[PDB]
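Data first, discussion second: the structure below is written as structure tokens.
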Amino acid sequence: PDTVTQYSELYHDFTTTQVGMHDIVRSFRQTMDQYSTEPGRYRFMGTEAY
Amino acid sequence: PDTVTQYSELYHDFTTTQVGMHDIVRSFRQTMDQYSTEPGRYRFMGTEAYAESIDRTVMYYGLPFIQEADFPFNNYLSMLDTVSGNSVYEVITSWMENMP
């Protein structure tokens, strides 16, 4: 374990895509829904997960 | 590892509370919402999740904009084998402070 320093040497089960992460993104969508009630002024939300 | 046979000898990070489990419970709530549109005939949904921390039990209440169980069932007074003034205060206040 003293030589494990590259990011590709671990399985990242505890640092990416945890329980409750999708609910934070859904609360962002509800924040932007208050500015989307006007027709023609819908607010777009896209996520980048590579 | 040939002697690891009791369930309490492992941390169960890959077999309990995975990503997507709360969405299955939310789809059950949407199935019962088609039978709840009549007034006075609302359909109740409760979940039983025991041997659990208090911050994971209150996730079954849901979000202010997503519907889930009406309450998760609370068994923390059933787990008291000896009773006291401090231990009853600890059960009552932890539920009232942690639930939304």
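Going by the structure tokens order, chains are called A, B, ..., each with residues numbered from 1, while ligands are numbered from 1 in the order shown.
Across chain B, DSSP run on the backbone finds strand (DSSP E) at residues 46, 47, 71 and 72 of chain B.
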Restrict the selected residues to N, CA, C and O atoms and save them as a compact mmCIF listing (two decimals), in the first residue's frame.
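Heads up, here's the output in selection25.txt:
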```txt
# COMPACT_ATOMS: atom_id res chain seq x y z
N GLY B 46 -45.73 2.17 4.40
CA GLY B 46 -44.68 2.23 5.40
C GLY B 46 -43.59 1.24 5.06
O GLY B 46 -43.84 0.19 4.47
N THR B 47 -42.36 1.58 5.43
CA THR B 47 -41.21 0.72 5.19
C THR B 47 -40.61 0.29 6.52
O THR B 47 -40.59 1.05 7.48
N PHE B 71 -44.43 7.05 6.75
CA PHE B 71 -43.33 7.08 7.70
C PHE B 71 -42.58 5.76 7.59
O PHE B 71 -43.18 4.75 7.21
N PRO B 72 -41.28 5.75 7.86
CA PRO B 72 -40.61 4.49 8.18
C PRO B 72 -40.95 4.08 9.60
O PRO B 72 -41.12 4.93 10.48
```
Using DSSP secondary structure from the backbone, list all alpha helix (DSSP H) positions within chain B, as a ChimeraX atom specification.
/B:21-32,54-57,85-98
Filtering to N, CA, C and O atoms, could you give me those residues as a short mmCIF file (atom, residue, chain, number, x, y, z; two decimals), in the first residue's frame?
```cif
data_model
loop_
_atom_site.label_atom_id
_atom_site.label_comp_id
_atom_site.auth_asym_id
_atom_site.auth_seq_id
_atom_site.Cartn_x
_atom_site.Cartn_y
_atom_site.Cartn_z
N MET B 21 -32.01 1.97 -5.07
CA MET B 21 -32.96 1.28 -4.21
C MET B 21 -34.11 2.19 -3.81
O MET B 21 -35.26 1.76 -3.74
N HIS B 22 -33.81 3.46 -3.52
CA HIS B 22 -34.86 4.40 -3.13
C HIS B 22 -35.79 4.73 -4.29
O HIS B 22 -36.94 5.09 -4.06
N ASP B 23 -35.31 4.59 -5.53
CA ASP B 23 -36.17 4.81 -6.69
C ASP B 23 -37.16 3.68 -6.89
O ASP B 23 -38.23 3.89 -7.47
N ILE B 24 -36.82 2.46 -6.45
CA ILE B 24 -37.76 1.35 -6.54
C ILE B 24 -38.90 1.55 -5.54
O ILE B 24 -40.07 1.28 -5.85
N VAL B 25 -38.58 2.04 -4.34
CA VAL B 25 -39.59 2.36 -3.34
C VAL B 25 -40.45 3.53 -3.80
O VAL B 25 -41.66 3.57 -3.53
N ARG B 26 -39.86 4.49 -4.51
CA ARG B 26 -40.64 5.61 -5.03
C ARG B 26 -41.56 5.20 -6.17
O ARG B 26 -42.60 5.83 -6.38
N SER B 27 -41.20 4.16 -6.92
CA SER B 27 -42.08 3.67 -7.97
C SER B 27 -43.24 2.86 -7.40
O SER B 27 -44.30 2.78 -8.03
N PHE B 28 -43.05 2.25 -6.23
CA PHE B 28 -44.16 1.61 -5.53
C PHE B 28 -45.17 2.65 -5.06
O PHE B 28 -46.38 2.41 -5.11
N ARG B 29 -44.69 3.81 -4.61
CA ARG B 29 -45.56 4.89 -4.17
C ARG B 29 -46.36 5.47 -5.33
O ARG B 29 -47.49 5.91 -5.15
N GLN B 30 -45.79 5.45 -6.54
CA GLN B 30 -46.51 5.93 -7.71
C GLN B 30 -47.53 4.91 -8.20
O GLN B 30 -48.53 5.29 -8.82
N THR B 31 -47.30 3.62 -7.94
CA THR B 31 -48.29 2.60 -8.28
C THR B 31 -49.52 2.72 -7.40
O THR B 31 -50.65 2.56 -7.87
N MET B 32 -49.32 3.02 -6.12
CA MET B 32 -50.43 3.17 -5.19
C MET B 32 -51.09 4.54 -5.27
O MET B 32 -52.15 4.73 -4.67
N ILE B 54 -29.79 6.18 12.35
CA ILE B 54 -30.95 7.06 12.32
C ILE B 54 -30.95 7.93 11.06
O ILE B 54 -32.02 8.25 10.52
N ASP B 55 -29.78 8.27 10.53
CA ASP B 55 -29.71 9.11 9.35
C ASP B 55 -30.04 8.37 8.07
O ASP B 55 -30.37 9.01 7.07
N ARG B 56 -29.98 7.04 8.08
CA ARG B 56 -30.41 6.25 6.93
C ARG B 56 -31.89 5.90 6.99
O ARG B 56 -32.51 5.69 5.94
N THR B 57 -32.47 5.84 8.19
CA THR B 57 -33.89 5.56 8.33
C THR B 57 -34.74 6.74 7.88
O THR B 57 -35.81 6.55 7.29
N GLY B 85 -33.95 7.31 32.39
CA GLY B 85 -34.37 8.65 32.00
C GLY B 85 -33.52 9.23 30.89
O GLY B 85 -34.01 9.98 30.05
N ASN B 86 -32.22 8.90 30.87
CA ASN B 86 -31.35 9.37 29.81
C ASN B 86 -31.55 8.59 28.52
O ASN B 86 -31.45 9.17 27.43
N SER B 87 -31.83 7.29 28.61
CA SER B 87 -31.95 6.48 27.41
C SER B 87 -33.28 6.68 26.70
O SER B 87 -33.35 6.50 25.48
N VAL B 88 -34.32 7.04 27.43
CA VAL B 88 -35.60 7.37 26.80
C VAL B 88 -35.53 8.74 26.14
O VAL B 88 -36.04 8.93 25.03
N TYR B 89 -34.84 9.69 26.78
CA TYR B 89 -34.62 11.01 26.20
C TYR B 89 -33.78 10.92 24.93
O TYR B 89 -33.96 11.72 24.01
N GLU B 90 -32.87 9.96 24.86
CA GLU B 90 -32.00 9.84 23.70
C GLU B 90 -32.75 9.26 22.51
O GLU B 90 -32.46 9.63 21.37
N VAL B 91 -33.72 8.37 22.75
CA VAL B 91 -34.49 7.80 21.65
C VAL B 91 -35.47 8.83 21.10
O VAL B 91 -35.61 8.97 19.88
N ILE B 92 -36.13 9.58 21.98
CA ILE B 92 -37.17 10.52 21.56
C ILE B 92 -36.56 11.69 20.80
O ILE B 92 -37.04 12.08 19.73
N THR B 93 -35.48 12.27 21.34
CA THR B 93 -34.90 13.45 20.72
C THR B 93 -34.14 13.15 19.44
O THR B 93 -34.03 14.04 18.59
N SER B 94 -33.64 11.93 19.26
CA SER B 94 -32.92 11.62 18.03
C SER B 94 -33.87 11.45 16.86
O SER B 94 -33.51 11.74 15.72
N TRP B 95 -35.09 10.98 17.12
CA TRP B 95 -36.07 10.89 16.05
C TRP B 95 -36.62 12.26 15.68
O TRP B 95 -36.81 12.55 14.49
N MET B 96 -36.87 13.11 16.67
CA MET B 96 -37.48 14.40 16.39
C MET B 96 -36.49 15.37 15.77
O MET B 96 -36.88 16.27 15.02
N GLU B 97 -35.19 15.21 16.05
CA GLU B 97 -34.20 16.11 15.48
C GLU B 97 -33.76 15.69 14.09
O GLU B 97 -33.35 16.54 13.29
N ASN B 98 -33.84 14.40 13.76
CA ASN B 98 -33.30 13.92 12.50
C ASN B 98 -34.34 13.81 11.40
O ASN B 98 -33.99 13.89 10.22
#
```
Select from chain A every residue with an atom at most 10 Å from any atom of chain B, then for each give the shortest pair of atoms and their distance in Å to one decimal, using only C-alpha atoms, rows by chain and rising number, as JSON lines.
```
{"residue": "A:13", "atom": "CA", "partner": "B:14", "partner_atom": "CA", "distance": 9.2}
{"residue": "A:14", "atom": "CA", "partner": "B:13", "partner_atom": "CA", "distance": 9.2}
{"residue": "A:17", "atom": "CA", "partner": "B:19", "partner_atom": "CA", "distance": 7.8}
{"residue": "A:18", "atom": "CA", "partner": "B:19", "partner_atom": "CA", "distance": 6.9}
{"residue": "A:19", "atom": "CA", "partner": "B:19", "partner_atom": "CA", "distance": 5.5}
{"residue": "A:20", "atom": "CA", "partner": "B:19", "partner_atom": "CA", "distance": 8.2}
{"residue": "A:21", "atom": "CA", "partner": "B:19", "partner_atom": "CA", "distance": 9.2}
{"residue": "A:22", "atom": "CA", "partner": "B:19", "partner_atom": "CA", "distance": 9.0}
{"residue": "A:23", "atom": "CA", "partner": "B:63", "partner_atom": "CA", "distance": 8.3}
{"residue": "A:26", "atom": "CA", "partner": "B:65", "partner_atom": "CA", "distance": 9.3}
{"residue": "A:27", "atom": "CA", "partner": "B:65", "partner_atom": "CA", "distance": 8.4}
{"residue": "A:30", "atom": "CA", "partner": "B:65", "partner_atom": "CA", "distance": 8.2}
```
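The two atoms in question, CA of residue 48 (chain B) and CA of residue 15 (chain A), are spaced 28.1 Å apart.
Note that CA of residue 67 (chain B) and CA of residue 40 (chain B) are 18.7 Å apart.
CA of residue 5 (chain A) lies 25.8 Å from CA of residue 48 (chain A).
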Residue 42 (chain A) environment, 12 Å, only C-alpha atoms, sequence neighbours closer than 5 positions dropped, as a list in words:
residues 29, 32, 33, 34, 35, 36 and 37 of chain A
